[PDB]
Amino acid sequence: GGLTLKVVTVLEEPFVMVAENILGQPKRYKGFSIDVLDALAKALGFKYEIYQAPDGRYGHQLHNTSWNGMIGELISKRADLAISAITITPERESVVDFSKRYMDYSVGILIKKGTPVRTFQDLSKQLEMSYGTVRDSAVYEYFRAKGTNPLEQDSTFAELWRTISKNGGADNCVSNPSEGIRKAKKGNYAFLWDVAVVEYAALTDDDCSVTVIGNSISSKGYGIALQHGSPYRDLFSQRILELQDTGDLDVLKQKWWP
């Protein structure tokens, strides 16, 4: 009894990960997004089968107006749900329907302990520490937008962008989150990136040498993406609000970010 939904996902520590497996058998999944999905499956009484996006991509719009990745899996109706660390953005909202957020998203600073930095303003005033983000990423473009905005109340973001975009972004940016995390652990670099990812990187650091400055900029939300016009989006949203208000979301959050 009950419906089964096909869920497309992408591996993203600690949201979605591969659980125990024997080579050749179907893959199980674990993580914060998986626990949320299980809570919603219990609340709404449905089963689900997970598969990873064939291209391992969240998705982008192609020149022919089609989308790849998970979003493409939703538009093509090959998936009923998409869940991982999907930020709720206008670009995506135009082609798929999102549930209400079950966690907040923002950009934060991975940096070694002991520095006198607590805000992005502070970081923008520093002299001895280089800093940057992933080249040609949504975060990079966010700092581009904020840095070229003359309506900015103060100079913080123009400075941040001046350092980030140095020499076309070659000097101070990295190629992927691993390079930035490790470079910040190396001691003379601050890595600006997703607060959740970076925070997991700090919590699991063996040397306990880094910390996350989360000043809550570029604040969006992680949501569940469904097909446009899906009849389940409202149920998912309401159930998420009720999990948020009952205390379960904070328990799972503390579970995967100990």
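Start at 1 and count along the sequence shown; that's the residue number.
Stretch with the higher entry mean CA B-factor, where the candidates are 47-55 and 196-204: Mean B over CA atoms: larger for 196-204.
Stretch with the greater mean C-alpha B-factor as recorded in the entry, comparing 171-179 against 73-81: The entry gives the higher C-alpha B-factor average to 171-179.
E13 - which third its CA temperature factor falls in, relative to the rest of the chain: Middle third - that is where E13 ends up once the chain's C-alpha B-factors are sorted.
Chain-wide C-alpha B factor ranking for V36, given as lowest, middle or highest third: Lowest third.
CA B-factor placement of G221, once the chain's modelled residues are sorted into thirds: Answer is middle: the recorded C-alpha B-factor places it there.
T246 - which third its CA temperature factor falls in, relative to the rest of the chain: Tercile = highest for this residue's CA B-factor.
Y131, C-alpha B-factor rank within chain (lowest, middle or highest third): Answer is highest: the recorded C-alpha B-factor places it there.
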